[PDB]
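Commentary on secondary and tertiary structure
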Amino acid sequence: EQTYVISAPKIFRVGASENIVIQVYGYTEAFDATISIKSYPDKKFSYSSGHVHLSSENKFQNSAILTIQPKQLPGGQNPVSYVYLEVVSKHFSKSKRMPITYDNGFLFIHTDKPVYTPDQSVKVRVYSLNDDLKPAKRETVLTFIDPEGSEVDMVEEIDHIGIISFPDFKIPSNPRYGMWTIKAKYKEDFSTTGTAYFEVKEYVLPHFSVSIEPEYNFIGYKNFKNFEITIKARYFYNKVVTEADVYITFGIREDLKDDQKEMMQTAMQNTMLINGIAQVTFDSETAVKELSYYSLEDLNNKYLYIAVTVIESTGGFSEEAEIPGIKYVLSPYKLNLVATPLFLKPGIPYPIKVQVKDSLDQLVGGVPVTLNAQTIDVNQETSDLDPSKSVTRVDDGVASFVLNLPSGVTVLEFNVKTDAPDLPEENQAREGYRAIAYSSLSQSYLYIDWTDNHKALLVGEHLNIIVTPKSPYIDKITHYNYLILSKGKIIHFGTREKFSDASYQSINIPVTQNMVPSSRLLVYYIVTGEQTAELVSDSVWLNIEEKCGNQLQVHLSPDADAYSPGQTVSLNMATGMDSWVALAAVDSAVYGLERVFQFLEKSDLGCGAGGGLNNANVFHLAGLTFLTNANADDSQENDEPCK
Amino acid sequence: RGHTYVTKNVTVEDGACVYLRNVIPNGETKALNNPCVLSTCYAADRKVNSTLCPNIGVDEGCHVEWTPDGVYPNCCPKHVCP
Amino acid sequence: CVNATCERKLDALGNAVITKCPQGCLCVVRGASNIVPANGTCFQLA
Amino acid sequence: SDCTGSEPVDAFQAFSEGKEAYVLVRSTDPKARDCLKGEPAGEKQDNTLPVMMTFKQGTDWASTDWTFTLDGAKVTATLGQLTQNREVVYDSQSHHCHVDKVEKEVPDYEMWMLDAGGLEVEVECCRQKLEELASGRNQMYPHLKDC
Amino acid sequence: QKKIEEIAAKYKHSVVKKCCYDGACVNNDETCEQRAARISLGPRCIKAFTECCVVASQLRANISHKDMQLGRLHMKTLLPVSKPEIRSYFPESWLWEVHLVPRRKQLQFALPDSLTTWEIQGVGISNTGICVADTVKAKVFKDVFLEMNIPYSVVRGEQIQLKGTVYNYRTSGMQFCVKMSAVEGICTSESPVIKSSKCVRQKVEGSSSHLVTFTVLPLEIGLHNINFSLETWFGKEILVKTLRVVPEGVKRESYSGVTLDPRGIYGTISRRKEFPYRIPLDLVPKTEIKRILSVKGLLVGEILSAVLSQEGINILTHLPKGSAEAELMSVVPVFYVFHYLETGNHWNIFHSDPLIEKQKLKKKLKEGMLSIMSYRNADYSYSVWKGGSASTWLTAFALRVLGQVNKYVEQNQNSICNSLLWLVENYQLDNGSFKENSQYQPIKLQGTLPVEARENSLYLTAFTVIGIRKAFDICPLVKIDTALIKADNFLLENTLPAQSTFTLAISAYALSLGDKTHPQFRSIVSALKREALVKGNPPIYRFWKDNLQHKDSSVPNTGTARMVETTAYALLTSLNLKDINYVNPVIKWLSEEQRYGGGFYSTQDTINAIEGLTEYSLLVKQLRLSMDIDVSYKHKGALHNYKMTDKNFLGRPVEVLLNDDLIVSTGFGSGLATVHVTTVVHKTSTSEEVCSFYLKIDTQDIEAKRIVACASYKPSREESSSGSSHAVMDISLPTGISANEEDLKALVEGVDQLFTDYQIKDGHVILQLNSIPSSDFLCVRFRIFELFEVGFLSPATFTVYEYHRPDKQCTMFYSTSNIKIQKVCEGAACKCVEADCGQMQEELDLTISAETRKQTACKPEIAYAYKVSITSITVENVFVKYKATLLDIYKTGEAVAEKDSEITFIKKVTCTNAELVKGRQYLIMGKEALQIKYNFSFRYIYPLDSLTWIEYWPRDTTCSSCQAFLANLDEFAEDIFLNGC
Ligand SMILES: *[C@@H]1O[C@H](CO)[C@@H](O[C@H]2O[C@H](CO)[C@@H](O)[C@H](O)[C@H]2NC(C)=O)[C@H](O)[C@H]1NC(C)=O
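Calculation notes
Residues numbered from 1 in each chain as written, not as in the entry; some residues may be left out. Chains lettered and ligands numbered in written order. Heavy atoms only, no water. Helix = DSSP H or I, 4+ residues; strand = E, 2+ residues; numbered from the N terminus. Rg over C-alpha atoms; globule rule 2.2 N^0.38 Å. Buried < 20%, exposed > 50% of the residue type's maximum accessible area, 1.4 Å probe, protein only. Contact = heavy atoms within 4.5 Å. Areas by Shrake-Rupley, 256 points an atom, 1.4 Å probe, with all protein chains shown as cover. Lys, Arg positive; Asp, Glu negative; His and termini not counted. Charge placed at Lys NZ, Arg CZ, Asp CG, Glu CD. Buried area = accessible area lost by both parts, 1.4 Å probe. Salt bridge = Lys/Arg side-chain N within 4 Å of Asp/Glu carboxyl O. Polar contact = N/O pair within 3.5 Å; in protein donor to acceptor, adjacent residues only side chain to side chain. Nonpolar A, V, L, I, M, F, W, Y, C, P; charged D, E, K, R; others polar. UniProt positions renumbered as here; feature names shortened; annotations may be inferred. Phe/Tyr/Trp six-rings, centres within 6.5 Å; stacked < 30°, edge-to-face > 60°. Disulfide = S-S within 2.5 Å. Expected span 1.5 Å × (residues − 1). Pairing = 2+ DSSP bridges. Near = heavy atom within 4 Å. Axes fitted to C-alpha atoms, helices over the stretch in contact; angles between N-to-C directions.

Per the deposited record, the coordinates in this entry were obtained by cryo-EM to a resolution of 3.5 Å.

1. Side note on the overall build of chain B
Counting its secondary structure elements, chain B contains 0 helices and 10 strands. In chain B, the succession of α and β elements from N to C terminus is β-β-β-β-β-β-β-β-β-β. For 82 residues, the compact-globule estimate of 2.2 N^0.38 gives 12 Å, and the C-alpha radius of gyration of chain B, at 15 Å, exceeds that figure by more than 25%. Along the first, second and third principal axes, the C-alpha atoms of chain B reach 50 × 20 × 15 Å. Here chain B holds 82 residues, and the buried ones make up 35% of them. Long-range contacts, defined as pairs at least 24 residues apart, comprise 38% of the intrachain contacts of chain B with a sequence gap of at least 6. Accessible surface computed for chain B: about 4500 Å², of which carbon and sulfur atoms make up 53%. Charged side chains of chain B number 7 positive and 8 negative; the gap between the two group centres comes to 8 Å.

2. Focus on the interface of chain A and chain C
Taken together, the contacts link 10 residues of chain A with 6 residues of chain C. Note on chain A versus chain C: buried area summed over both sides is about 600 Å², and carbon and sulfur give 51% of it. Broken down residue by residue, the surface that chain A buries against chain C is led by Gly149, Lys185 and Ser191 of chain A, which jointly contribute 44%. On the surface where chain A and chain C come into contact, there are 0 salt bridges. Joining chain A to chain C, the criterion identifies 1 residue pair in polar contact. Taken together, the residues of the side of chain A that touches chain C break down into 2 nonpolar, 4 polar and 4 charged.

3. Brief notes about the UniProt feature "binding site: leukotriene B4" in chain D
All names here are of chain D. Using the residue numbers shown here, the UniProt feature "binding site: leukotriene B4" corresponds to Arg33, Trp66, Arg86, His98 and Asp100. You can see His98 is positioned in strand β7 (residues 97–102). Overall, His98 belongs to the buried group, its relative accessible area being 1%. Those residues in contact with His98 that sit more than four places away from it in its chain are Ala14, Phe15, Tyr22, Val88, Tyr90, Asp91, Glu110, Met111, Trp112 and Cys126. Within the secondary structure layout, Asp100 lies in strand β7. Ignoring anything within four residues of it in the chain, the contact list for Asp100 reads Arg86, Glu87, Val88, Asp108, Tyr109, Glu110, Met111 and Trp112.

4. Focus on the packing of aromatic side chains
Residue and element names in this part refer to chain E. Scanning all chains against the criterion turns up 61 aromatic pairs over all chains. Ring plane angle 25° and centroid distance 6.3 Å describe the contact between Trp347 and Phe350, whose orientation is recorded as stacked. In this pair, the class of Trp347 matches that of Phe350, namely buried. For the ring pair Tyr864 and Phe905, a centre distance of 6.3 Å and an interplane angle of 50° mean the geometry is tilted. Of the two residues, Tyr864 is situated in strand β37 (residues 864–875) and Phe905 in strand β39 (residues 902–908); the sequence distance between them amounts to 41 residues. This pair shows no difference in class: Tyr864 is buried, exactly as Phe905 is.

5. Points about the pattern of salt bridges
Inspection of every chain in the model, using the stated rule, returns 68 salt bridges over all chains. Taking the shortest distance from any N to any O, the salt bridge between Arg176 of chain A and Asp146 of chain A comes out at 3.6 Å. Taken together, the residues span a long stretch of sequence, with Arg176 of chain A in the loop between β17 (169–170) and β18 (178–186) and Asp146 of chain A in the loop between β14 (140–142) and β15 (155–157) at a distance of 30 residues. The class of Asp146 of chain A is buried, set by a relative accessible area of 4%. One salt bridge in this structure joins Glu611 of chain E and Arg400 of chain E, with 2.3 Å as the shortest N-O distance. Remark: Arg400 of chain E occurs in helix α10 (residues 392–405) and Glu611 of chain E occurs in helix α18 (residues 603–617); sequence separation between them is 211 residues. Classification of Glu611 of chain E by relative accessible area gives buried; the value is 4%. Exposure remark for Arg400 of chain E: the relative accessible area of 1% places this residue in the buried category. Connected through salt bridges with shared partners, the residues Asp29, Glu30, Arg38, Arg706 and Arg781 of chain E form a single ionic network.

6. Overview of the UniProt feature "disulfide bond" in chain B
Residues and elements named next belong to chain B. For the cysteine pair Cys53 and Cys76, annotated in UniProt as disulfide-bonded, the sulfur atoms lie 2.0 Å apart, consistent with the bond being present in this model. Taken together, the residues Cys53 in the loop between β7 (47–51) and β8 (56–57) and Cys76 in the loop between β9 (63–65) and β10 (78–80) connect sequence positions 23 residues apart. Residue classification places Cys53 among the buried residues on the basis of a relative accessible area of 2%. With 2.0 Å between their sulfur atoms, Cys62 and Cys81 do form the disulfide that UniProt assigns to them. Placement of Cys62 in the loop between β8 and β9 and of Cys81 in the segment after β10 is noted, with a sequence separation of 19 residues between them. On the basis of relative accessible area, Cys62 is assigned to the buried category, the value being 8%.

7. A word on helix α11 (residues 413–426) of chain E
For an α-helix, the turn length of 3.6 residues means that residues three or four places apart are oriented alike. All names here are of chain E. End to end, α11 covers 20 Å across 14 residues, agreeing with the expected 20 Å (1.5 Å per residue, within 8%). When you tally the buried positions in α11, you get 11 out of 14 residues, the bulk of the element. Taken together, the buried positions of α11 are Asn414, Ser415, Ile416, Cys417, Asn418, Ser419, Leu420, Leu421, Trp422, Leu423 and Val424.

8. Quick notes on the pairing of strand β47 (residues 579–582) of chain A
Where a strand is regular, its side chains alternate between the two sheet faces. Sheet analysis places β47 of chain A next to strand β2 (residues 98–101) of chain E, joined by 4 bridges and oriented antiparallel. Residue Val581 of chain A lies in a different strand from β2 of chain E, and its bridge partner there is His99 of chain E. Here β47 of chain A pairs with strand β5 (residues 123–126) of chain E via 3 bridges, running antiparallel. In the sheet register, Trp580 of chain A faces β5 of chain E, and the bridge partner there is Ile125 of chain E.

9. A word on the site of the ligand
Residues and elements named next belong to chain E. Around the ligand, the neighbouring residues are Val183, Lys195, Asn225, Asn227, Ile238 and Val240. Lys195 places a polar side-chain atom, nitrogen or oxygen, 2.8 Å from an oxygen atom of the ligand. Within the side chain of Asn227, one N or O atom sits 2.4 Å away from an oxygen atom of the ligand. Relative to its free-state accessible area of 590 Å², the ligand is covered by the protein chains to the extent of 32%. Of all the elements in the fold, those that place two or more residues in the shell around the ligand are β17 (224–232) and β18 (235–246).

10. Regarding the sheet that holds strand β29 (residues 706–713) of chain E
Residues and elements named next belong to chain E. Spatially, 4 strands are ordered β28-β29-β33-β31 in an open sheet, and the strand pairing comes out antiparallel. With partners counted over all chains shown, the strands left at the sheet margins are β28 (693–700) and β31 (737–739), one partner each. Across this sheet, the average inter-strand angle for adjacent strands is 30°, counted without regard to direction. The sheet contact formed by β28 and β29 spans 8 bridges and is antiparallel. From the neighbouring strand, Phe693 faces β29, where its bridge partner is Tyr713. Contacting β31 and β33 (780–786), helix α19 (residues 741–749) runs over the sheet at an angle of about 165° to β33.

11. Some details on the state of the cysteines
Disulfides are covalent bonds that connect the sulfur atoms of two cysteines. Residues and elements named next belong to chain E. Tallying each qualifying case throughout the model produces 24 disulfides over all chains. Each sulfur in the disulfide pair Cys417 and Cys475 lies 2.0 Å from the other. Residues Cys417 and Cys475 share a disulfide whose torsion about the S-S bond is about 105°; that sign makes it right-handed. In this pair, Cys417 sits in helix α11 while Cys475 sits in the loop between α12 (449–471) and α13 (479–494), placing the two residues 58 residues apart along the sequence. Classification of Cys475 by relative accessible area gives buried; the value is 0%. Counting only the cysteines that take part in disulfides, in the order they occur along chain D, gives the pairing 1-4, 2-6, 3-5. Looking at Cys25, it has no disulfide partner, and the nearest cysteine sulfur is the one in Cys53, 9.5 Å off.

Now the structure itself:
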């Protein structure tokens, strides 16, 4: 049998270099194939095409960097939402209806301060990066949207280096208070958008400063009955207020997004402020007895909106201060899964690596974890496995499990629960799940996993991934494969020969710079035989330490725990290569906060940490399409590939 | 430790029991590799008593190594703890 | 020009763009400037 | 509208009861002082009135006081020994401009108007009446002399 | 309590939820029925308000304060939603710069002076990806540092206490002594040593503060430098502070303008013009009459100079902010500068690039176009007061301003469409007129109550037709063109016969903006050309007054804000008809009515007169500008030669220092230059002005001080009783007094609001209003609290004026201290008090050698020397004025005072040993005097300050010891004059 596999990102990106891969098997003679993107549905216009040469020296694999030019598309009423990826050769020819999206690139608006007062200038700059994460150099448009929703500005500034500094925005002297909105956007042919927010609040000179400092930021199992609040009030930086009357109002809250609040007129207690510090205790249980909430089991994920009004005695002044919310936490721990595909390979040890987190999202250790397992076979004869106990290693927060299953298993309904030394049964954290089996028309499966879990693979190292097949016909598997996605681009490919004397094989993968900070590694082979060949694929997710190509580093010279006003100080910037550097220096008081890598990851079209229902689904989850004379299914349903 | 699971309507031929392409005699408890179990069959009612490797719960200072080479119990996930 | 029913529409890209009436009329989309889409009205020019 | 106004003439009412300043705009006297301006400089005593007439000569802002005595449509202005008999021959309907006639062997006609400014049509009627009475004699413009 | 929760429960989700809340606010001064008269939010809100108010007021009787405050809590949290406002102000972020790093780059800067904790964030954008570098902090602070609170200004004579505080950040206390740099003009308690007050070493506990006080007494006017040296064991920090000293009394600003036309295109050659130096009557002693000069080249010179600088807002500075019309006087000057420079292509006026200046102008113009977006409602209407109801007047005005700017800054055609439709669909009756949604009274028109309705409807129709005809080229629908046909038909049918020249001029304008051929519009423009006034024949000036002829005949002596509105409307009606033969005097008047800075009396005459001046300057050919304007005093030297040309055509101001007459002159040249002088006197009393409001203001003491200031409109002839137009109650606060802003908020914020805006800027309290009633008073009460102790408090003013007629005003002096009479200062701590006053000699002293009388009389510095007799004492609560007659003249260096004539003496009330008794005779000698023009002749005033010699001289002879005294007096009297040593 002679097989061929084409792998292209699931979504072709207008204006991006959509790398396509072609891997053919069985053919021994050198030959040429021209991968081509063609219009829809008549294939009349060739948006682009590429030439590959497939030889024994080339291992019969090659990549053709295609590119849909932005101007080559119609406009107005009907710009194409579908293109035909098409391959030609003297042997085969295949085509598949592929989607295209214009959302290419990223725009990060960066306003210096997040809160402005009337008549301050809004310093706004925009970074423009294309899908390759390189300076875009395209003409951008801002649009300051007032709190009511009407555009009050629009200003275009051409890019030259990727950092597009804009003319400052002057907040009027009588502005419209609320949460304004900036909307950077590309001017031509790209649907890329960027958004930032900044509040415009009127400055009100305060009689004095009232500061609230709660005991903890969360109300767990213990402090649900008593909650010490430290309410300090002071004049202008070290003039202690003498005596004041402190009125406190407490109310339960739903969500920090909408400012709805429900008051509790049963505990609007007030006290006497004495010499600058007055501390009260809030009994959450008896206070919430309005509607009574019937337990600590309720009120979970809710906030305790604290309102404090300090009215001092001497001058008759009044001042108010609040805490926006104190989240109720039902359990001092949170569980989640790491490096576990929610898809089962019948006949393979299913490793479950649960990870325990505090309410601060910090990896706690030494927490015993118990895990039960309810299974559903093909005969629906549900079988229950014994509870296993694993305790979290303090090095990474991962408490490893290995849950072997019989061959006939399809749906494993396993449930992890914390078993803390000091917590009652109710106050423990529990998480259920549901692992489905790899659906294969044959009895062929694949399972791959790399060296260890407690290091978070670092760039520059080498990856020793251990690919283990499990199937009949195992002694006819000739070639493996591996495709290493990143940001939606197929940045690698190859083939490793299988040693027909060994069951598994250690694939050696060189970690490069393109793979930062998250990449997927798809691996598969070809089970062949009677009237059909079969792809059998299993993917993983490689989380790499967030490192730059150009690591930036700023120092202040001289360095000390304190400087003096007007002092002349030097800023020392050192990079890896020739690189522009934007700068900013804001008062640290506005922050009581720029996170790009979370916004810069919306380009990874994948979902989950690997695995899949069937073969085609292991691809469609990793963000690849595929053309193959073997099994091909699982059409787009482009809306919501995975969340 | 290792739980058990019993299948029904197993292919029994010539008094021998072949299951998942593993031929096992009637009164023979043979260690297998694919899958990795310790199995025994009965052609009288066409059922197979089979036990798995015990599920591993990893405590402090331990880790799991598993290679599919060899038959039970060497094909089992071993609770390797230095 | 009694029935052309201009409206505020999203582009094929995402910019809110008010459709155009026939050659001798003008589109006026009542209500706030952010409600999109919203069916407008066509008035004459003379 | 017609502008036969303020009949009969009253040299007091035609002077806005001695409360507003008047300037000289037209005169057939070729010795017409430049920027001549006579305002009431006191109160109305028994048939007399002080008027501090400020005018210009070259660059000097001279100020020569006078005394105005009123009898119906006639007036006698005297400073020291110099004597002039003027008679208000026509007076605007609202006392904004009036045309003065000084008496001598050749009668010269002067025309005064409020300093604060007079209604435009009444000033046009004063000018027409004057030009009629002056009868083609050449007029100076005492307010068009760099005031 | 239970009767509070019933309210908090009944109205939680209601539609009118703010209504009864602000009806539940505490107001111990007015009934819930009296407040309900001020609601304009309909019968639902008035009912919720009345009910919630009565059920809140009934409870507050016989209640403990804890329950009252808990109830105010219940209200302020349950009923409202939230509040956007921050209690801290965050400094401006610096270092906002992009820096290409050639693999290493060290740059240096200077940390700002504040005490913050900066955070520097580097974001390296390279071809390999973005890199949010680690934030490097920088905490700036001084561990021990003094900070003072110097008052904004200080009325000269008052004894300030410059409060201060030394802050300590180290936990271990230390020693420190503060010392002030005693400037010669600033009289302090101690005296300089070599120049610093004695500093006693005090101790402040660690991690705390310590109060510091300083008592000064300014005696000279002008910004005085004052230092504070914190002398500690670790350094000496010198903190510079500037203490502005303001003269006493109220400020009065009187202008005078002249157009220099040396060639004679204005129908009169004018080369020399004399600005006389007139000393007003009631003036503060020891004060100069400041009078800036400013000579600008073009006709639009003042507007250009205002815009083409960092001032840009000088067109309003005398009027307050807050209404939307302020944010349109912000963008009318810049727009008209732009329209002049563009539609004339006079960009080469700059020596700079014609591109950078155009860009800066467009930036200011856009930044202005947005300041009004804050006052737009949900239905695209504009509202005068932010948050108030929608107004037909200000929607039309904002449409005019936005439809004019659309020529240079493309405005959002859909928003203008929506606003025009909001106007012509809701607010146009069956006859054609427009009605006002709000109760904003923009102008007060005369006439009986039905005739005032006619005139007001006519003014509003014409104003809105102007606004629509200006913004109608953005959104040229047919619905609003039919609306304009209807409204122009209303004007054409219902303007004549007129009832005031103002509405006739605005109707002639609003009709000229459209079809200029309707035979009725010819009649309107003809009946407007007839109301004209003129100064001269052929007219040198031409203007229009705010009243008709057959209703009033008196011509005003000065310019009023309706005179310039009517003149500008008639000038624009002419320019729209291209009557350039006819507007050359109108432009002369309007260009002299201008005020140094660019603007005119109010905000309406400003926009209309600037439009007239510019639409004219563009319509008549530019004449070459070349003059040598030579300003010089009469009996002094040359002030400053002005070489006028397009190179420098905006000669900066020149403070006219010397106190002589001023004379501006020019040689033979080409151009049209205007010379504005601005006299700024400080009057002592305000009885000599026609004031149109009834004012009374008190400082009532509160038990559980509180200024109670009221006002009332005095309707003039042939007016109605509907009260004033938009008024502005300006309540200056005495030194060291500060209004309690929460009371003002409680006045403006509620739905029962009395005052529609407020603001406390630089020690003023500028409340605004929609009207002040003529039937009865209108009292504002707001608590004040002494911010620091000041002695010898001088009364501060309380002005109320209209906003579109700043001449309909009234001023009143008031002090917050009823402290008793100042017969004596009682000993020590007085050397600063009497430092600059006159000291009477002891009664009937015989130790006098009679030789000091010889030598003091013949000094060239002493001007006058003669004896008088006081006739009466009269006080104007700032100074006292002594009416006296001249008995015997003995010496006079300056012009002489007639024998037995009345001379007025003046001295400060806060001067003790210089008392005068009515009727008694005294011998007086002192320094120079002032010549004041009392409308008929000269008059002399003489201050009684230091170096003024005064002795008591009894008339009788029964002293038994003053026989030799009077002997020396009479021999010196007979020998002083015949020799003159
Ligand atoms: C107050 O302090 C300033 C310095 O901060 C003094 O400064 C002026 O004169 C000094 C020379 O003696 C110069 O060194 C300063 O630069 C100069 N400062 C300024 C702003 O001009 C100043 O003399 C002190 N005030 C008085 C009245 O002496």
